Amino acid sequence: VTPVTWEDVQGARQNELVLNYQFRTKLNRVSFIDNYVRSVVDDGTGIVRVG
Amino acid sequence: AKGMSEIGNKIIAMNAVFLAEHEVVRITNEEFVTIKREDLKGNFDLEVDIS
Amino acid sequence: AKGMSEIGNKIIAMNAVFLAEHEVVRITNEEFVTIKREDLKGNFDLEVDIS
Numbered sequence: 103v104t105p106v107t108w109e110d111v112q113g114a115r116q117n118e119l120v121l122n123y124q125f126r127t128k129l130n131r132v133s134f135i136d137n138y139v140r141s142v143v144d145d146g147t148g149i150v151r152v153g
Numbered sequence: 510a511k512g513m514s515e516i517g518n519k520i521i522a523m524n525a526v527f528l529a530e531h532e533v534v535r536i537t538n539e540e541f542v543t544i545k546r547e548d549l550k551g552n553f554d555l556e557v558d559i560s
Numbered sequence: 510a511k512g513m514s515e516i517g518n519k520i521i522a523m524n525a526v527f528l529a530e531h532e533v534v535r536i537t538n539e540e541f542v543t544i545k546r547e548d549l550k551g552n553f554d555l556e557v558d559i560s
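See below:
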């Protein structure tokens with residue numbers, strides 16, 4: 103995460119750590135990526151659900 | 510690359526609503542910074558890309 | 510690589526419960542540091558990877 107303006111530096115640092123933490127612990131990063139590419143390559147398009 | 514950016518933007522908006530202040534403080538041992546709720550429509554202050 | 514990381518996280522949680530203070534002191538000749546029991550659900554402060 104990179105800030106857009108000079109006053110957004112604090113926000114970028116806070117969100118980047120939180121966002122990386124969730125994928126590191128709450129999700130299987132390796133398995134998700136493997137299904138991510140293979141779904142797009144085989145079916146021609148990939149659909150991701152966010153909840 | 511853009512597919513992950515789309516997911517990242519949605520999660521950041523969710524993190525600003527469904528996460529309490531103390532939860533972010535524990536994850537990031539820094540001072541908490543808030544964002545206006547009506548400003549979540551536009552990602553004015555953040556940019557998301559893969560590392 | 511992730512398979513070993515999954516094993517490492519589980520053992521660290523077990524080490525914080527099933528190991529007494531003096532056992533850690535003998536293994537690591539340093540001051541003992543404790544972790545809150547309810548905080549073991551999230552690996553907020555540790556990252557595990559192969560060397």
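Residue numbers (the UniProt record's numbering), protein chains in the order written: chain A, 103 to 153; chain B, 510 to 560; chain C, 510 to 560.
C-beta atoms are modelled at their ideal positions from N, C-alpha and C, and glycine is treated no differently.
Can residue i and residue j be called in contact, C-beta distance under 9 Å?
i        : j        : result
C/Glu556 : A/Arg115 : no
A/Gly113 : B/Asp558 : no
C/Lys511 : A/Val132 : yes
B/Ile516 : A/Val150 : yes
Note down the Cα distance separating residue i from residue j, rounded to an integer number of angstroms.
i        : j        : result
C/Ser514 : B/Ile536 : 20 Å
B/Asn518 : C/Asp548 : 27 Å
B/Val542 : A/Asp144 : 43 Å
A/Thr107 : A/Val142 : 35 Å
C/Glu530 : A/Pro105 : 44 Å
C/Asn552 : A/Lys128 : 10 Å
B/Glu539 : B/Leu528 : 16 Å
A/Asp136 : A/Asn130 : 10 Å
B/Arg546 : C/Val533 : 47 Å
A/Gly148 : A/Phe134 : 12 Å
A/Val152 : C/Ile544 : 33 Å
B/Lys550 : A/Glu109 : 19 Å
On the DSSP letters alone, give me the boundaries of the alpha helix (DSSP H) that residue i sits inside.
i                      : result
A/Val142               : 131-145
C/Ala525               : 511-527
C/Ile559               : No alpha helix (DSSP H) contains C/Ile559, which DSSP labels as neither H nor E.
residue 481 of chain B : Residue numbering for chain B in the displayed model covers 510 to 560; residue 481 of chain B lies beyond these limits and cannot be assessed.
A/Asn117               : 111-123
Within 8 Å of chain B by C-beta, residues of the segment 115-138 of chain A in sequence order: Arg115, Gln116, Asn117, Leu119, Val120, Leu121, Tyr123, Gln124, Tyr138
Okay, do the segment 117-132 of chain A and the segment 522-540 of chain B touch, 3+ Cβ pairs below 8 Å being the bar? yes
Quick one: which residues of the segment 518-549 of chain C get their C-beta closer than 7 Å to a C-beta of chain A? List them in chain order. none
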